[PDB]
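In the block that follows, a single chain appears as structure tokens, in the form deposited in one PDB entry.
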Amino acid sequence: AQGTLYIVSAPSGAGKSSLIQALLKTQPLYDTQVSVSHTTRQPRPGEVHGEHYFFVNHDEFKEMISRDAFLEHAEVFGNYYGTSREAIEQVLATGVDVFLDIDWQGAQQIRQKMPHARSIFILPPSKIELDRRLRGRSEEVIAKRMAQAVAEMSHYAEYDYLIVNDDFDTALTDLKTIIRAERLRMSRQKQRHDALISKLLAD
């Protein structure tokens, strides 16, 4: 029962991170999972293969790049990161919804190799708030992060849904809503309620 793939993107300081987290805490694994990426970097203390990432050796990662195994990948200051098309494809095949957290670039790539995916973009409520959230806990470092954020936000129009994260809860509800709504699509419902519809039409 082909599940849906959600590409979620947002400039640092909108909650993209937290929201997806919160969403999964109220969703059974047979309903919603998060996408798991492949990486060549050493797992940190506490991490675990299969959950956080799919830790593979540098050569394995390359063997894959060659055979077009990744839906998207990129080398980030040292190591490689990638979204195995077979990994996300397998789970979606079991009727599970998958959430993929990526930047606008990877978004475009995935959205290209997979037109059925839905994409959600989260935005901060105002520039002051974006600023405040970014400053988190040098005026020079901030100015850079703020700029990187504006860059990211430029691609907002490329997405399917737009969530403005003013108040966290409301935002988490908007997210939950997008999911639920999609699950109410005819293709999906026709599948889920096969038995019921059969009975109803048959005398």
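Superpose the two forms; the largest set of C-alphas matching within 1.5 Å is the rigid core. Numbering starts at 1 and follows the sequence shown.
Averaged over their C-alpha atoms, the temperature factors of 174-182 and 60-68 are higher for 60-68. In this crystal structure, the stretch out of 94-102 and 71-79 whose C-alpha atoms carry the higher mean B factor is 71-79. Between the residues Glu152, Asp160, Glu47, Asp31, the entry's highest C-alpha temperature factor is the one at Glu47. Placement of the Cα temperature factor of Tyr156 within the chain: lowest third of the modelled residues, per the deposited record. Looking at the C-alpha B-factors along this chain, the one for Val164 belongs to the lowest third. Sorting the modelled residues of the chain by their CA temperature factor places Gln189 in the lowest third. Ranked against the other modelled residues of its chain, the C-alpha B-factor of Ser17 as given in the entry falls in the highest third.
Keep in mind that the form deposited in another entry is missing from the display, and what follows is about it.
Once the rigid core is overlaid between the shown form and the other one, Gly50 counts among the residues whose Cα shifts by 2 Å or more.
In a rigid-core overlay of the protein, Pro115 has its C-alpha displaced by under 2 Å between the shown form and the other one.
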